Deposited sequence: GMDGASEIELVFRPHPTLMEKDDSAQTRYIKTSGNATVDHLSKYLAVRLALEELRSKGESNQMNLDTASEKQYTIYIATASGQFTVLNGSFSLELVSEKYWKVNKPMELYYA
């Protein structure tokens, strides 16, 4: 299962540039994603590549659910995001 994601800095937990659009496998884990992100941010906002990030998913009621790092993206999508839109993911 291919998964599209849009990543944004958590709007209150990060100090107020980019939106990042990613397509990947539903088999990738949330942890893999946070490690990928640590590598991206170390270079793109320049070890810092070792820094850890928490991943949140936007909820319909305007909240943010922390995603367990062991969950596959396919499981994330089943649990929290069934809809036909890229997953709206936030990091801090």
Not represented among the modelled residues are deposited positions 1-5, 22-24, 55-66
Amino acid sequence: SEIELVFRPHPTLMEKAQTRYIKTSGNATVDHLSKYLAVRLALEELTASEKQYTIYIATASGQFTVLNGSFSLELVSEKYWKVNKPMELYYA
From here on, numbers count along this sequence of modelled residues.
Comparing 47-55 with 31-39, the higher average Cα temperature factor in the PDB entry belongs to 47-55
Stretch with higher mean Cα temperature factor, 5-13 vs 18-26, is 18-26
Chain-relative C-alpha B factor for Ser70 (record values, thirds): the highest
